[PDB]
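Take a look at this single chain, the form solved without this ligand, given in structure tokens.
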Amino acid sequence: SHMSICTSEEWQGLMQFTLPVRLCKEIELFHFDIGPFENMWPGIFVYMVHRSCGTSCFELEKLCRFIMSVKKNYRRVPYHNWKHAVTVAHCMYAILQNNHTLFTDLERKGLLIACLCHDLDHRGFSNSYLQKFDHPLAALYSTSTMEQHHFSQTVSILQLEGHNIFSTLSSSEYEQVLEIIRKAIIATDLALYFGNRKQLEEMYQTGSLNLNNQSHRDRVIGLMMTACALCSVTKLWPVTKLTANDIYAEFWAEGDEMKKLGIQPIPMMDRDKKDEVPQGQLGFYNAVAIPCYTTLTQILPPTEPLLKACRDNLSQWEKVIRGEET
């Protein structure tokens, strides 16, 4: 399937990697920023998998090959890259650690892997772009185009020799974890978030939400995936601000291509309309981020720190709009 594969030096190096003692405590916190520790990113993921799922959950050799090959199949784009993948996986780790027994062993291992793989082989182009210009991917995947591709990429990596970390699961559990991963990755398509959140909010307010109901579990997991995928808005302001720079760098490049195809891009993707960014961020926080973390906190009380951090960043964008930026 034209997948990149890690080298022996790469996965063997990870196998011997040891995570500094000081970071063990930091990694448990919601606001942890992996940014200053690039060389340790693969190791941080191994650590989280081991703490959440156990050191024997996966054959170590296979897990290290899987991780280093996943890294190699993320592209050098400004935002939807390897750093983003590990950042999202860490948010999931923090959510799971704080709500551990609400999720099964199968779900925790599937969700950590889904987060690491949720944007696999992203090229820096949105579903809007692929569908507007009839990219082959849009023909193959009519909706949630890039997300269906990310899942396909995930399965392709598992299919590489010695990379299938899930093979030791019974045939029933194997099928189940692949479905958990497929649904989780598809849920990262923000187009689906709006309806999912509205539904969950109503089930919560009316008291019909039932975690013993599979469809309800699927929706809760979907909201968790959205929360993790957007977690840059829950970091300390300087981190959130720096990440916004990368997000827009990617958007502006897409907008440049649209102009070449004769189409005016939306203002958010127009590098000649940067003055509109602060209000654009306000709109995103009000329509997507705040409601997401608000409903997540209602369903999973321990995730409240994400909501508090999101609210703090909304306030920061409001300060920018008032001309108080430093």
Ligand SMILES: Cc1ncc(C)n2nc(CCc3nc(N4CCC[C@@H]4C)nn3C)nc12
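The first residue of the sequence shown is number 1, and the count goes up from there.
There is another form of this protein, the form solved in complex with this ligand, and it is not shown here; the text below is about that form.
Undergrad: Check whether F284 has any heavy atom within 4.5 Å of a heavy atom of this ligand in the deposited complex, and answer yes or no.
TA: Yes.
Undergrad: Under a 4.5 Å heavy atom criterion, is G35 part of the interface with this ligand in the deposited complex?
TA: Flag for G35 set to no.
Undergrad: Going by a heavy atom distance of 4.5 Å, is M40 a contact of this ligand in the deposited complex?
TA: Result no; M40 lies far from this ligand in the deposited complex.
Undergrad: Please determine whether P291 contacts this ligand in the deposited complex, using a 4.5 Å cut-off between heavy atoms.
TA: Close contact is absent here: in the deposited complex, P291 is far from this ligand, nothing within 4.5 Å, heavy atoms only.
Undergrad: Look at the stretches 204-212, 227-235, 101-109, 164-172 and give the one with heavy atoms within 4.5 Å of this ligand in the deposited complex.
TA: Flagged stretch: 227-235.
Undergrad: Hey, with this ligand in the deposited complex, do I44, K71 and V155 all fall inside the 4.5 Å heavy atom range?
TA: No.
Undergrad: Quick one: of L178, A253, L190, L137, which gets a non-hydrogen atom within 4.5 angstroms of this ligand in the deposited complex?
TA: None of the other options qualify; the answer is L190.
Undergrad: I need to confirm a contact call. Of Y141, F151, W82, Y248, which residue comes within 4.5 Å of this ligand in the deposited complex, counting heavy atoms only?
TA: Spelling it out, the residue with a heavy atom inside the cut-off is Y248.
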